[PDB]
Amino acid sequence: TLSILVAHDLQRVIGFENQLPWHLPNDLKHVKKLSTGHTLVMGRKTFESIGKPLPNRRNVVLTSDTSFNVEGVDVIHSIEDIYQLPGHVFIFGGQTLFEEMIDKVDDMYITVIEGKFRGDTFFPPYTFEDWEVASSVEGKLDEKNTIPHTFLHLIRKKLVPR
C-alpha cells in the first residue's frame, strides 16, 4: 500500500524556509501514530530539516547524491525504487515528492491546517471530485495546540462508466 502523508494549510502551503510553518504537536503525534512500524519515503531536503531518522519506522531518503549515507537511513536514487519497498509506504514530503507521487498513490492522510501561513512550498492542487473522504476528524484544541485542524483520510475514486 502506498499513501501520501501531509499537512497543508487553507492555501496548500506545506513549508517555509525548510521548516513547517506551524507549531502543532498533535499533528506530529498523528504522524507518529500512523507511520510507526511502517516506511517513510522523503526527499533529501525534508530529511535534512528533521535532521535525524525517526525511530521505529523505516526511513528512506530519495536523493541524487551517491555519497549520501546516514546511519539508520536507507537511500534510494529514483522514484521507481519506491515500488520495490515492501509493506505500507508513506510519501512523507516534501513538495517535489508530493508532486511526483500524487498521481500514483492509493490514498492520502491529510491534516488540513485551518489557517493561512506564509509559505514557499506547496502541496499540489487536487479535487474532492477525484477523492472519497474515508474519514474527516476535527483535531482537538488545547493549551499547546491552538490552530484548528482536520484529519482527512482520502481514497482515490475509481473511474467508472456513467
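The numbering used is simple: start at 1 and walk along the sequence shown.
As listed in the deposited structure, the average C-alpha B-factor of 66-74 and of 128-136 is greater for 66-74. Of the two stretches examined, 139-147 and 13-21, the record assigns the greater average C-alpha temperature factor to 139-147. Looking only at 32, 57, 118, 45, the residue with the top Cα B factor in the deposited structure is 57. Ranked against the other modelled residues of its chain, the C-alpha B-factor of residue 61 as given in the entry falls in the middle third. Ranked within its chain, residue 157 lands in the middle third, by CA B factor from the PDB record. Residue 50: CA B factor in the highest third of modelled residues in this chain (values from the PDB entry).
Among the modelled residues of the chain, residue 83 sits in the highest third by CA temperature factor in this PDB entry. When the modelled residues of the chain are ordered by their C-alpha B factor, residue 36 lands in the highest third.
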